[PDB]
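Take a look at the structure below.
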Number of protein chains: 6
Amino acid sequence: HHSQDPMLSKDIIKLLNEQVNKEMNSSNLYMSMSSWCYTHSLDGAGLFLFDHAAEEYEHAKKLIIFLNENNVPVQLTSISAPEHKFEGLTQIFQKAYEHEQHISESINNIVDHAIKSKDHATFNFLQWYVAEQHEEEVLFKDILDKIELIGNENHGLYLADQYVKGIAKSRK
Amino acid sequence: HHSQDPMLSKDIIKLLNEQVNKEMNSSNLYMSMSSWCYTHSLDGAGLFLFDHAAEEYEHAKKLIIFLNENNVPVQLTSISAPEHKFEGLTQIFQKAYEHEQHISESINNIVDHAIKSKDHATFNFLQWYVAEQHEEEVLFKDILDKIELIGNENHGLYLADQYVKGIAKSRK
Amino acid sequence: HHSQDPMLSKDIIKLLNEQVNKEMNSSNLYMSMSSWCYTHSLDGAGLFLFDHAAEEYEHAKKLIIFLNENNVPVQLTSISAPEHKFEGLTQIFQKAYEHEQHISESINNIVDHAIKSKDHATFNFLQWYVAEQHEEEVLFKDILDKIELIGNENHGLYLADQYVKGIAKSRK
Amino acid sequence: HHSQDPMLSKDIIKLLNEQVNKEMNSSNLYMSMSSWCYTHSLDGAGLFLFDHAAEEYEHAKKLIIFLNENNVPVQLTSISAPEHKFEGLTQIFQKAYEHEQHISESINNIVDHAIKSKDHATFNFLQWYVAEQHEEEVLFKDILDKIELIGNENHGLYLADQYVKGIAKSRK
Amino acid sequence: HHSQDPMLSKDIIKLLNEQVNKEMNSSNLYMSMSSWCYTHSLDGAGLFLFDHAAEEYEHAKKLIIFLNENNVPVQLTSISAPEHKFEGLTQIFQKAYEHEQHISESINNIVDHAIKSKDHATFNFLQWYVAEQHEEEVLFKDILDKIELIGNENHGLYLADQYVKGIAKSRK
Amino acid sequence: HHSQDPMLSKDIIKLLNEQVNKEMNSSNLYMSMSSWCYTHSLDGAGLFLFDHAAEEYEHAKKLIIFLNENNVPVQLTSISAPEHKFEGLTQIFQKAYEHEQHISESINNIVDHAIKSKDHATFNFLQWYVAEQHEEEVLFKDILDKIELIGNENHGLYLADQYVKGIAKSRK
Ligand SMILES: [Fe+3]
Ligand SMILES: [Fe+3]
Ligand SMILES: [Fe+3]
Ligand SMILES: [Fe+3]
Ligand SMILES: [Fe+3]
Ligand SMILES: [Fe+3]
Ligand SMILES: [Fe+3]
Ligand SMILES: [Fe+3]
Ligand SMILES: [Fe+3]
Ligand SMILES: [Fe+3]
Ligand SMILES: [Fe+3]
Ligand SMILES: [Fe+3]
Ligand SMILES: [Fe+3]
Ligand SMILES: [Fe+3]
Ligand SMILES: [Fe+3]
């Protein structure tokens, strides 16, 4: 039997499939960061990063659904093992914020290509993703700001972890 | 500051981490099978396999939570690129059933090791997973039996896909 | 058409099929004991033993369901005619308690074999059955204890039968 | 102590006891037919025949209750091992319908004997059983008619099994 | 009058009776630790440890109930006078965590012996206890981790005690 | 840091700590009596005495709470092993009633000393305990009276145990 061709252009297909893989890679990075926190008495950050990891995978799934509905083959590549070597809470959140900036840039690039290609189905679809990623990037900026404001001296780590725990609980 | 040592034995830690990675690999395999179905006019099987993929990832997350609570570092490996080329619906479900048999065996091995090691915290924890995996294995056996009973001749693929669609919707 | 092979090992299949037949045999034994009581003015014990007979058959049915779901042929043998010759209420409950001990032993043997064979699907499945059989064995111990405490002298049988009637009614 | 004599005549006692044993035999036959269906990818028929088997045992229990209330000893015989080898769905339902015809005849015989003996307590008691058996006999006639109308060619078995599955679910 | 023999084996009887006494030793230890905290301005830890002591006694009672139902004599030994002198909050929780590890090991040993003896009534019964003990052991690990993360330096004791107070209140 | 001195006098501290240990001893005695009843077919008395044992420990805990709130160190001594051998139901309740009389005397002594010392905080606190102990003493007098009224002959033990069972259940 004959099935209809992919409804999206080759360039958009490539960008979206790359994004699915990016989100899967991201989810594993956050699981690794989460585990570091949990094994270093930082269960507030552990919980926050675990729930964030789960959310990034939810994004991957929503992108997959869009590919499926457009008859676009989902092309899953090898998901690289995440980094696991971390120096401390501040470094983890510094890395995480930089990572979120990279994710934001990647989404901006897809949306820009959708505009250039006149693919307004894809442009319109990605709007929830633009909005949610913006919220996540801001969130990581705010947490990093707070960790750096508190510091790590006299009970600093405890204060920071409890702050992050509060955020984790308020979001679930 | 000093954090407490992992609460599980070395062998159990390794088997559980390997299981997390098995479930992640499984989830990506099912996403790939799902995509094949969606791109070959089999949206019933597509939906079923997508939802199943998401469920295997849920299992991975529950395993991660247990590792976290026991102060056990989670070691995520590189998740292999799943098979993407398939012959048809029957082959996909034949492969899936064999895969579920492998997953069941892997869990049996962990539970057996927990008994031998006298790790009854882990034995007790794994019981939901034993039960859910058994249900999933039986489910794939049943779907494969039904696909083989219907066959591929005449409107066979349509009938089989609609049957699988019904299961997918009922499990939501 | 091809149907999938039994999902359980040959040894486990044999043990479970034997257990189905054991429960059917047990249900008929209890019906016989019940009838003896009803025809000797002991309607309290009659009701109790009838309802117990029905419960043992419910166990047989649940075991059958498990065999069915695993694609295991149910092999029903001849169900031997139950003993019908009884001396009195005490003897009936002495025999019944010994019988329940035998049933408990038989279940212990299946669970032990499941562990040895690493069949944790079956181990996990049998847990409701282990728990319920334990309750039933304890119940028969308690009733036998009470019958022996009361005795059969001045209104003893009436007192014992009314005691058992109370239990029967409280359980339904 | 003295217990009152059986309240029913010798002939009626024998026919009723024989009927209890007939229903027990019937229940085991249907369990065997059900198992054949479940192991040959016919889970619709499997479910239907399992539930029917359980219902025949319910009839046996109601007959036993009546014997008990009339101070009539229940005489349980050895329940024969049921047929376990079958040719297919059509043969199973052909055999089942013939079996239901036999059961209907057996009940007709008891009711007739009750009239001849002027045992109107028994005649009156049996009316629910006459009514329920008639419904069951008609049901098996209808299912057999449908299996024969569909046939075994093409997707015939699948269609027939799904039809029977629908009936099974609607009767729950 | 004759009462039925104990329903458990001599070895299991010994292990379970030892466990009852272990829980009653534990309960008294925690009451003593709790008192130390209350008399040294640590009412958060005082409350937590008092409530924990009460819970260990609840476990002892549940074990006693199981012994009673199996006609097993409860053999209460002398309960040793608990340690009453302590160095501080960190030492108390270090000692408590080590103690909970010992309790976990003791339960693992009973469960292992139940498996070896084929006593699946006892195995099944102990599962709530395995699960609850695991939660308690994890809890003490978590509290010790937090006490160590905070430290005893300027306001440290206050912060740690308030943290423990929050846990105590949330578990009520 | 400085913690405030105990708020009670040395004599009152001694009497209250002695009372905590008395109640713990009492609870273990009643657990032993309960077990005797349970292993000699007297589950009515078994349940009653088990629940009473638990209640005596509840008293111990309430006393401990009062010591804690007054910054008074709790001084737990060795709890000696309870008597495990008994002659029968009457003997157990005779011993129990005498024991309750002793407990009542001990409380009277503390209250008297509180009045003499002008410790009206303690006098006021103990009023629930005076009232509850009075009810318990009266209860054991009533049960002993009933056991003696019934006797040990001709179903006497059964009648007495059932009477006590009724009280146990009504107090739950
Ligand atoms: Fe993000
Ligand atoms: Fe994102
Ligand atoms: Fe501070
Ligand atoms: Fe699975
Ligand atoms: Fe799985
Ligand atoms: Fe039983
Ligand atoms: Fe049973
Ligand atoms: Fe009497
Ligand atoms: Fe019928
Ligand atoms: Fe019938
Ligand atoms: Fe058709
Ligand atoms: Fe504990
Ligand atoms: Fe414990
Ligand atoms: Fe008292
Ligand atoms: Fe008292």
Side-chain angles (χ1 to χ4, degrees), chain C residues 1-7 17 20-21 24-25 27-43 46-47 49-51 53-54 57-58 60-65 67-84 86 88 152 155-158 161, chain D residues 1-7 17 20-21 24-25 27-43 46-47 49-51 53-54 57-58 60-61 63-85 88 152 155-158 161:
Chain C
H1 61 280
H2 178 258
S3 302
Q4 294 305 304
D5 289 347
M7 297 172 60
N17 271 307
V20 172
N21 292 291
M24 289 176 167
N25 272 294
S27 73
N28 279 5
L29 175 63
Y30 284 117
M31 287 302 188
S32 180
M33 290 170 163
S34 172
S35 173
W36 193 96
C37 291
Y38 273 120
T39 57
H40 296 260
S41 307
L42 305 171
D43 64 325
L47 178 63
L49 294 162
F50 175 92
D51 285 345
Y57 182 72
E58 295 297 316
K61 283 193 292 186
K62 280 200 172 180
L63 294 170
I64 288 167
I65 290 165
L67 294 176
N68 290 333
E69 82 188 38
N70 282 282
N71 276 18
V72 175
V74 178
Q75 299 189 248
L76 300 180
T77 62
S78 66
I79 307 307
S80 61
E83 63 185 327
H84 66 268
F86 303 109
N152 184 16
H155 312 124
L157 271 184
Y158 172 67
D161 195 61
Chain D
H1 62 278
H2 175 258
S3 302
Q4 296 306 121
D5 289 345
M7 296 171 66
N17 271 126
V20 170
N21 290 289
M24 290 176 168
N25 270 290
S27 70
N28 280 7
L29 175 60
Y30 283 117
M31 286 302 184
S32 185
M33 291 173 158
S34 168
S35 176
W36 193 97
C37 292
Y38 273 118
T39 56
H40 296 259
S41 305
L42 305 171
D43 63 327
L47 175 62
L49 293 166
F50 177 91
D51 285 343
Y57 183 71
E58 294 297 315
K61 284 191 293 186
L63 293 167
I64 290 165
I65 292 165
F66 188 69
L67 295 172
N68 291 336
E69 84 185 39
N70 284 282
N71 275 20
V72 174
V74 178
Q75 295 187 41
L76 299 183
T77 62
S78 301
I79 310 307
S80 66
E83 292 190 347
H84 59 282
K85 294 177 283 297
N152 61 98
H155 309 113
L157 279 184
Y158 172 67
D161 196 62

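Only this structure's heavy atoms are used, side chains among them; waters, hydrogens and symmetry mates stay out. Order of the sequence lines fixes the chain letters, A, B, ..., with proteins taken first and strands second; residue numbering starts at 1 for each chain.
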Discussion item. Counting only heavy atoms from other residues, nucleotides and ligands, does the tally under 6.0 Å from OH of C:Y158 exceed 12?
Written reply: no

Worksheet entry | Within 6.0 Å of NE2 in C:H1, more than 12 heavy atoms from elsewhere | yes

Worksheet item: Do you know which of D:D5, D:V72, D:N25, D:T39 has the most heavy-atom pairs with chain C at a distance under 4.5 angstrom?
Response: D:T39

Worksheet item: Under 4.5 Å between any side-chain heavy atoms of C:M31 and D:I64, yes or no?
Response: yes

Practice prompt. Examine whether an atom of D:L157 lies under 4.5 Å from a heavy atom of chain C, and if so say whether it belongs to the side chain, the backbone or both; otherwise answer neither.
Written response: side chain

Discussion item. Is any side-chain heavy atom of D:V74 closer than 4.5 Å to one of C:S32?
Written reply: no

Response to the item:
Heaviest contributor of heavy-atom pairs below 4.5 Å to chain C, chosen from D:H40, D:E69, D:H84, D:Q4, is D:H40

Item to complete: Output the option from C:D43, C:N70, C:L76 having the highest count of non-hydrogen pairs under 4.5 Å with chain D.
Response: C:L76

Worksheet item: Does any heavy atom of chain C fall under 4.5 Å from the side chain of D:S41, the backbone, both, or neither of them?
Response: both

Worksheet item: Which one, C:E58, C:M24, C:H2, leads in non-hydrogen pairs under 4.5 Å with chain D?
Response: C:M24

Discussion item. Working to the nearest 0.5 angstrom, can you tell me the gap between C:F50 CZ and D:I65 CD1?
Written reply: 3.5 Å

Practice prompt. Identify which of D:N28, D:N21, D:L47, D:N68 forms the greatest number of heavy-atom pairs closer than 4.5 Å to chain C.
Written response: D:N68

Item to complete: Examine distances only and state if a side-chain atom of D:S78 and a backbone atom of C:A81 form a donor-acceptor pair shorter than 3.5 Å.
Response: yes

Item to complete: Tell me, for D:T77 versus chain C, whether the close heavy atoms (under 4.5 Å) come from the side chain, the backbone, both or neither.
Response: backbone

Worksheet item: Looking at CD1 of D:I79 and OG of C:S27, how far apart are the two atoms once the value is rounded to the nearest 0.5 Å?
Response: 9.0 Å

